[PDB]
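The sequence shown finishes on residue 570 if you use full-length UniProt numbering, and the numbering steps up by one all the way, no holes. Every residue, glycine too, gets a C-beta built ideally from N, C-alpha and C. Structure first, then comments.
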Amino acid sequence: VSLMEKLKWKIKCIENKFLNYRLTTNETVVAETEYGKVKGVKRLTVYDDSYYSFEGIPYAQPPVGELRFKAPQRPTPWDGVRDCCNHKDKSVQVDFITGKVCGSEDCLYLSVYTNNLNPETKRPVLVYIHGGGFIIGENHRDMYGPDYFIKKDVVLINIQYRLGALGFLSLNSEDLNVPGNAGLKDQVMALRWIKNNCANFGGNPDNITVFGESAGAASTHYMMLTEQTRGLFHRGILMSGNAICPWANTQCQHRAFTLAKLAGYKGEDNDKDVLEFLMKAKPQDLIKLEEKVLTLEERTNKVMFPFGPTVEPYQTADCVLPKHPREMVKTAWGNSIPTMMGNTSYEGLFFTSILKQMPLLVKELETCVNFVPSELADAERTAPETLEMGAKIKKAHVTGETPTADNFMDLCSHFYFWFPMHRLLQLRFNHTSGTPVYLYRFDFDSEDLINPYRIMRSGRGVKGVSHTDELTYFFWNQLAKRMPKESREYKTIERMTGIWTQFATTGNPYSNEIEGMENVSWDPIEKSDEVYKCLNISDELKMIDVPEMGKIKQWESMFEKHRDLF
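Shown next, in the form of structure tokens:
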């Protein structure tokens, strides 16, 4: 991040400091949990609303020492009152604007927010799982503030979970009980806590909605796939992602050895000796090396992260992913609850800056071999069958004689988001009770109100709606400002939280309670639909045919002789 954008960051950190003090009240309150009492506090918003806030509630033992890389264990109860008015740590990660290694192994916490701890009618419970590539993120209110949702009559809960190699190391050897996915097992323990305890905060344990964006959407989808969570919640919203996305899972069992080597391990490629070495490592020294783990070939083949959700090499009682996600969709309990999914209208615009760090990325479009779905090709990307499928991708996105950055970003929208969603939709229609799935397309462009993902990416002053731009209208963050009620941004906040809150309440939106009257006819998607309809969310709300449909069909054609893999 430019020096200028780091100073501006610095000034705003110091002012969210002054400001959140101003917004704290002296109305402390105590809620009782299965593990002990917790002391929370009323906070105000800049819109002059109020909510009760409980931060830093443990849902698992601090995964330290011999618990490193292992499945979470339940936390230690307590007999007094636990001080839950300050956030705790975020999971160890590289600070995405500062470049410093930050955070703590002691990160397994959640936060609960509601505008009224005493309704006579328990409320819909919304659980947000943050994204961040499974490598960054937090539940701190300076990125994920509940100030907009607590206008609504909901309980909102923001969880943390382990990130990076500390969350997703995976080793083949069954002796060692590091099968992988510890971070998803964290999410499972958190959802079980929520199911068990949300009543003590006015929630309805029989009306929980899980939602997340990007890696949090893949997470929500995994929580809908695994038997570990069967019937723990009742609606899901997948915002720009799902578990079939190529970036959402990796067979990373060999990269523990690579990480150890990069940290100075000397010895054999032997799971035991490698784990012995990684167990004694200073935790920041591992996270600051995770950017050097992927080999150039892997980065060629479009592997995005070295450690992530994986298919677990053997069975344990805690196993979350026993099989590949398309295989899990077959028997998934979550296929049979109301679901909403969507993307933005120019997802791949997120990669603008990065084509400036490597502008010979564009030349990847000359054959497009590197974007062919991995299951259909080999690592080195030479084969003649990879070339023919690369040619159909190229037809779908290159729009003249020379490939362009614009074309590259359009392709990314499909490679990373729209095509995975289509595959999921079609696979799910064959393993579902028949409950509805609704589609949205977020297409509202405003840069008077932004969020920090725009800073990490150098995305200021760039027209169109990138991956992550929607988050601004759901969550308060420290770059936000009180907007006027008349403003297009304010009305979009009200629209988005209104729709999400309505869906959480009955599994459908029409919550005519809106500014956005109702010429909207928002049908779910049917099986014999050859074209998907979506609510396009701009200054207007209007149902349209997904403009991306034609390219989605061109990508599907790659499976014409491999339909069992689509």
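Worksheet item: Quick one: what does DSSP say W82 is sitting in, helix, strand or coil?
Response: Walking along the sequence shown from the start, residue 82 turns up at place 78. Looking at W82 - three-state DSSP - the assignment turns out to be coil, as it is neither helix nor strand.
Worksheet entry | Spatial distance of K399 from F412 (CA atoms) | In the sequence shown, the residue the question calls residue 399 occupies position 395. In the sequence shown, the residue the question calls residue 412 occupies position 408. The straight-line gap from Cα to Cα measures roughly 12 Å.
Worksheet item: Whose C-beta lies closer than 6 Å to the C-beta of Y226 among residues of the same chain, with five residues either side of it excluded?
Response: Position 222 of the sequence shown, counting from 1, holds the residue named residue 226. Contacts found: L188, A247.
Worksheet entry | Euclidean distance between Cα positions of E389 and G268 | In the sequence shown, the residue the question calls residue 389 occupies position 385. In the sequence shown, the residue the question calls residue 268 occupies position 264. Computed Cα separation, rounded: 40 Å.
Worksheet item: Terminal residues of the continuous beta strand (DSSP E) containing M283?
Response: As a working mapping, residue 283 is identified with position 279 in the sequence shown. Not the beta strand (DSSP E): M283 falls in the alpha helix (DSSP H), residues 275-283.
Practice prompt. Would you kindly report the start and end of the unbroken beta strand (DSSP E) that includes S54?
Written response: As a position in the sequence shown, residue 54 is number 50, starting the count at 1. Its beta strand (DSSP E) spans residues 54-62.
Worksheet item: So what's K292 in DSSP terms, helix, strand or just coil?
Response: Residue mapping note: residue 292 aligns to position 288 of the sequence shown, counting from 1. Looking at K292 - three-state DSSP - the assignment turns out to be coil, as it is neither helix nor strand.
Practice prompt. Could you tell me how far apart the beta carbons of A222 and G245 are, in whole angstroms, since I believe they sit closer than 8 Å?
Written response: On the sequence shown, position 218 is the one that residue 222 refers to. On the sequence shown, position 241 is the one that residue 245 refers to. With 8 Å as the limit, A222 and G245 qualify as a contact, their Cβ atoms being about 5 Å apart.
Discussion item. Suppose you measure from the CA of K327 to the CA of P183; what does that come to, to the nearest Å?
Written reply: The count along the sequence shown starts at 1 and reaches residue 327 at position 323. The count along the sequence shown starts at 1 and reaches residue 183 at position 179. So the alpha carbons of these two residues sit roughly 13 Å apart.
Item to complete: Can you give me the start and stop residues for the beta strand (DSSP E) that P209 sits inside?
Response: Stepping through the sequence shown from its first residue, residue 209 is reached at position 205. Segment 207-217, the beta strand (DSSP E) holding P209.
Discussion item. Does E142 pass the burial test, meaning 16 or more other C-beta atoms within 10 Å, or should it be called exposed?
Written reply: On the sequence shown, position 138 is the one that residue 142 refers to. So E142 counts as buried.
Worksheet item: Can you list, in chain order, the residues of its chain whose CB lies under 8 Å from that of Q558, leaving out five sequence neighbours each side?
Response: Sequence index remark: in the sequence shown, residue 558 carries index 554 (1-based). Same-chain partners within the cutoff: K396, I397, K399, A400.
Practice prompt. Indicate whether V98 and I291 have their beta-carbon atoms separated by less than 8 Å.
Written response: Taking the sequence shown and counting its residues from 1, the one referred to as residue 98 is at position 94. Taking the sequence shown and counting its residues from 1, the one referred to as residue 291 is at position 287. Against a cut-off of 8 Å, the Cβ pair of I291 and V98 comes out as a contact.
Practice prompt. Give a yes or no on contact between the segment 160-167 and the segment 131-140, applying the rule of three or more CB pairs nearer than 8 Å.
Written response: yes
Worksheet entry | Extent of the continuous alpha helix (DSSP H) run through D410 | As a working mapping, residue 410 is identified with position 406 in the sequence shown. Counting along the chain, the alpha helix (DSSP H) containing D410 begins and ends at 409-417.
Discussion item. Looking at residue 659: is its Cβ nearer than 8 Å to the Cβ of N201?
Written reply: This structure gives no information on residue 659, because the portion of the chain shown stretches from 5 to 570.
Worksheet item: Touching or not, the segment 205-219 and the segment 471-491, by the rule of three or more beta carbon pairs under 8 Å?
Response: yes
Item to complete: Report buried or exposed for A321, applying the criterion of at least 16 other Cβ atoms within 10 angstroms of its Cβ.
Response: Indexing the sequence shown from 1 puts residue 321 at position 317. Exposed, since its Cβ has fewer than 16 Cβ neighbours within 10 Å.
Worksheet item: Which two residues bound the contiguous beta strand (DSSP E) that contains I241?
Response: Sequence index remark: in the sequence shown, residue 241 carries index 237 (1-based). Run containing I241: 239-243, per the beta strand (DSSP E) assignment.
Worksheet item: Exposed or buried, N481, counting other C-beta atoms within 10 Å across all chains shown (16 or more means buried)?
Response: Stepping through the sequence shown from its first residue, residue 481 is reached at position 477. So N481 counts as buried.
Discussion item. Per DSSP, what are the beta-bridge partners of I548 in this structure?
Written reply: Walking along the sequence shown from the start, residue 548 turns up at place 544. Partner(s): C538.
Worksheet item: So who's on the other strand from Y442, going by DSSP bridges?
Response: For this step, residue 442 is matched to residue 438 along the sequence shown. Paired residues: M344.
Worksheet item: For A35, which residues does DSSP report across the bridge?
Response: To locate residue 35, count along the sequence shown from 1; it is residue 31. Bridge partners of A35: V42.
Worksheet entry | Candidates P329, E295, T304, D289: closest to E231 by CA position | Within the sequence shown, residue 231 is the residue found at index 227, counting from 1. Comparing Cα positions, the closest option is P329.
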